[PDB]
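The structure appears right after this line, and notes come after that.
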Amino acid sequence: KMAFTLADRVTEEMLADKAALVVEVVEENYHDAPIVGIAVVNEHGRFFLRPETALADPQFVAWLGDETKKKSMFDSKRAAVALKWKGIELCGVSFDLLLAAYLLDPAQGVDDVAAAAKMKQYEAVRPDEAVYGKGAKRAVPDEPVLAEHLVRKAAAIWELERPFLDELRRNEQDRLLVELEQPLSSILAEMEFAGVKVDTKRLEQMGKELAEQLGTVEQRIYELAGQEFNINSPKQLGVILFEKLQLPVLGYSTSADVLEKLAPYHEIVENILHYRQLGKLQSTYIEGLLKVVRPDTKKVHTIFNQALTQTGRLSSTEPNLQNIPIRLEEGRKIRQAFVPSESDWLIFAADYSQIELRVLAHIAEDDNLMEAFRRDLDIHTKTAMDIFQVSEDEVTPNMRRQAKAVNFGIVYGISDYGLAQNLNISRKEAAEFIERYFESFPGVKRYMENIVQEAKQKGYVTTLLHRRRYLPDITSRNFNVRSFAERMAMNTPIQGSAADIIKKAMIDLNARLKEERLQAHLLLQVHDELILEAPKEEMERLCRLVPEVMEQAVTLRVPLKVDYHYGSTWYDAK
DNA sequence: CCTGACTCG
DNA sequence: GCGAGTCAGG
Ligand SMILES: OC[C@H]1O[C@@](CO)(O[C@H]2O[C@H](CO)[C@@H](O)[C@H](O)[C@H]2O)[C@@H](O)[C@@H]1O
Ligand SMILES: OC[C@H]1O[C@@](CO)(O[C@H]2O[C@H](CO)[C@@H](O)[C@H](O)[C@H]2O)[C@@H](O)[C@@H]1O
């Protein structure tokens with residue numbers, strides 16, 4: 001066993017200006033959740049404190065908020081938010097092991113202290129899952145077992161800080177941790193805690209009108225099929241489409257891509273696609289959303305997973321506010337349900353225009369692509385002009401659409417198969433497009449070749465701010481497995497650098513909002529855009545400040561461009 | 001608990 | 001084709 005003092009009261013030696021701190025929140029969703037225990041490890045020793053006793057002690061609380069008292073933790077955002085819900089401010093977190101491990105190797109999927117420690121051959125700590133269990137069996141163990149687990153985690157963090165910081169320094173990722181990710185952690189904490197206001201009453205009205213339409217398309221489907229069946233059963237649907245109605249096969253696959261091609265054969269296909277759209281808005285964006293709105297404040301408090309994506313992007317859960325409908329008008333209406341939290345306040349949204357491609361232009365130093373952006377040209381029309389060799393005047397809607405698709409392919413790691421599949425054309429033709437694209441953008445071609453070669457030589461690829469991704473399959477003798485890694489080598493520096501940029505913009509924006517003492521604050525981040533809320537009196541100032549700060553986040557060989565809109569609801573901010 | 005469907009940048 | 005999360009079904 002590990003030695004530790006199971007304290008009954010807080011003592012001075014527990015308030016050293018340097019310590020590994022553990023403020024345990026077992027619940028997955030930490031919003032307004034319980035803190036089941038506390039552990040502190042420092043010069044003087046290892047201690048376990050009960051929350052009701054420590055969070056009531058004015059000295060402990062002052063220590064938690066004393067920024068000069070440095071704390072090392074694992075997932076400090078979790079503790080900070082749980083503490084915000086109790087009116088307690090956590091300050092001075094100088095090292096976060098979860099974020100440190102995430103920068104060192106995102107593929108490891110480090111989600112507990114045990115996994116992080118395993119990276120440095122340290123195993124004197126148990127995986128949280130072995131302690132709390134999971135699912136319907138998850139539970140907080142008795143004090144003895146709980147206290148030892150928390151102390152062991154604190155002791156691990158205490159021991160591992162140095163080794164993790166040393167490696168970060170070698171990787172040139174020390175500043176990435178201390179100046180980007182950790183400060184961002186605190187900003188993400190304020191955003192989650194603030195939450196976003198939902199107009200539940202109008203959301204239930206939409207759910208009512210939706211319920212009526214689904215009933216219509218539903219019965220219309222049973223008619224065209226001359227039989228009732230579970231439309232949501234990919235298995236039952238396959239029977240009705242490929243057996244009863246003899247539709248062509250191009251069990252059974254009824255993916256959206258398949259049905260779009262079957263549409264011309266039978267009227268039922270169109271209806272099944274619409275029914276699926278509406279059915280998705282109903283189950284997820286109506287019923288599912290309402291399930292997570294706080295009844296008392298009518299707010300939803302998302303949780304941004306800051307150490308999950310392989311590219312450095314953020315992810316969002318319970319609910320996922322990074323995938324709210326907008327493409328099809330019927331689903332876009334859902335956004336009229338996200339409103340400001342105060343009367344006379346408005347929603348302000350600012351987004352980078354073509355940041356991936358601008359980053360690509362920068363990194364590849366392609367003359368044509370850099371010139372195009374310097375002229376702030378419509379990138380897809382320009383790409384169409386170059387690959388089809390025609391004047392702007394001769395670009396047809398269909399040419400542009402296809403040049404647009406090629407730009408995606410180039411960004412996601414261009415491949416004969418991938419483009420051909422996306423445009424519903426032959427590979428020989430796709431290779432034809434790609435071929436032409438590289439003729440017009442030789443710089444982009446050189447980069448794709450060089451980055452793949454660099455991935456093979458170094459073993460990984462990096463982003464603008466030194467985030468990295470290891471690509472061991474880049475040397476596989478299996479074509480498919482190797483090709484996956486190659487695309488990643490091409491795409492990660494693009495998607496990854498775009499992530500670094502917007503993360504820094506969030507940090508710069510917040511320092512500016514505070515300098516100006518503006519009431520405006522961040523609500524969400526959707527990969528290449530920032531959503532804020534502020535009194536209407538601050539709109540004119542934000543119109544100049546937000547774009548400015550986002551455009552000046554970093555300096556590239558091409559300018560960064562930001563569009564913005566504001567309105568009464570998220571929907572109107574367009 | 002795992003597909004196969006949908007949603008987003 | 002790159003990166004994500006949620007839900008009804010089986
Ligand atoms: O607190 C977020 C942080 O925790 C991890 C690991 O514990 O994920 C946990 O919390 C998420 C938000 O509720 C869940 O989606 C996830 O299933 C749960 O393990 C990290 O991945 C994350 O950075
Ligand atoms: O009780 C409803 C009953 O309807 C079936 C078809 O007869 O399913 C329809 O309605 C469901 C919603 O209640 C949808 O999920 C399903 O997609 C639609 O076909 C039966 O499965 C169900 O028992």
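Residue numbers begin at 1 in each chain, while the letters A, B, ... track the order of the sequences.
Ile494(A) places its CD1 atom 13 Å from the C1' atom of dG1(C), with the value rounded to the nearest Å. Put simply, CD on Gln525(A) is 12 Å from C1' on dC8(B), counting in whole angstrom units. What separates CZ of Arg358(A) from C1' of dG9(B) is a distance of 16 Å, to the nearest Å. Distance, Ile272(A) CD1 to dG4(B) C1': 15 Å, rounded to whole Å. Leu530(A) places its CG atom 19 Å from the P atom of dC8(B), with the value rounded to the nearest Å. Note: CD (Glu330(A)) to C1' (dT7(B)) measures 14 Å, nearest angstrom. If you measure from atom CZ of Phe408(A) to atom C1' of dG3(C), you get 13 Å, rounded to the nearest angstrom. Going from atom CG of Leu321(A) over to atom P of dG9(B) covers 13 Å, rounded to whole Å.
OP1 or OP2 of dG10(C) sits under 4.0 Å from a side-chain N or O of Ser233(A). In this model, the phosphate group of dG10(C) is approached by a side-chain N or O of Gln236(A) to a distance below 4.0 Å at OP1 or OP2. Look at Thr254(A) and you'll find a side-chain N or O under 4.0 angstrom from OP1 or OP2 of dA5(B).
A distance of 10.5 Å separates CG in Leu278(A) from CD1 in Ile286(A), rounded to the nearest 0.5 Å.
Of the candidates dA4(C), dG9(C), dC2(C), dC2(C) carries the atom nearest the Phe484(A) side chain, counting heavy atoms from C-beta on. Side-chain atoms of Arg313(A) lie closest to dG3(C) of the nucleotides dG9(C), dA8(C), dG3(C). Closest to the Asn230(A) side chain, of the nucleotides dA5(B), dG3(C), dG9(C), is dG9(C). Taking every side-chain heavy atom of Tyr412(A) into account, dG1(C) is the closest of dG3(C), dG1(C), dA5(B). Taking every side-chain heavy atom of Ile326(A) into account, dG9(B) is the closest of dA5(B), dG9(B), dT6(C). Of the candidates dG9(B), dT6(C), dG3(C), the closest approach to any side-chain atom of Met488(A) belongs to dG3(C). When distances are taken from the side chain of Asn323(A) to each of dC8(B), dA5(B), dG9(B), the shortest belongs to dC8(B). The listed nucleotides are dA8(C), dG9(B), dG5(C); the one nearest the side chain of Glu287(A) is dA8(C). Of the candidate nucleotides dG9(B), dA5(B), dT6(C), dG9(B) has the atom nearest to the side chain of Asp528(A). Out of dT7(B), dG4(B), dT6(C), the shortest distance to the side chain of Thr317(A) is found at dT6(C).
If you look at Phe433(A) and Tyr437(A), their ring centroids are not closer than 6.0 Å.
Using a 4.0 Å heavy-atom cutoff across all strands shown, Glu356(A) reaches no nucleic acid atom at all. In this structure, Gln421(A) reaches neither bases nor backbone, as no heavy-atom distance under 4.0 Å exists between it and the strands shown.
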With side chain to side chain donor-acceptor pair (under 3.5 Å) as the criterion, how do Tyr102(A) and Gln306(A) come out once you've worked through the C-alpha distance, each side chain's angles and the decisive distance to 0.1 Å?
CA-CA 9 Å; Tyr102(A) 175 67; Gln306(A) 185 182 2; over 6 Å; no
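In the interface, the side chain of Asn422(A) is paired with the base of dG1(C) through a donor and an acceptor atom under 3.5 Å apart. With hydrogens and angles ignored, a donor-acceptor pair under 3.5 angstrom links the side chain of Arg327(A) to the base of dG9(B).
No salt bridge links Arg335(A) with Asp199(A); every basic N to acidic carboxylate O contact stays at or beyond 4.0 Å.
Using a 30° and 60° split on the angle between ring planes, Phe242(A) and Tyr252(A) fall in the tilted class, from 30° to 60°. Ring orientation note: the planes of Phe229(A) and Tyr222(A) are nearly perpendicular, at an angle over 60° on the 30°/60° scale.
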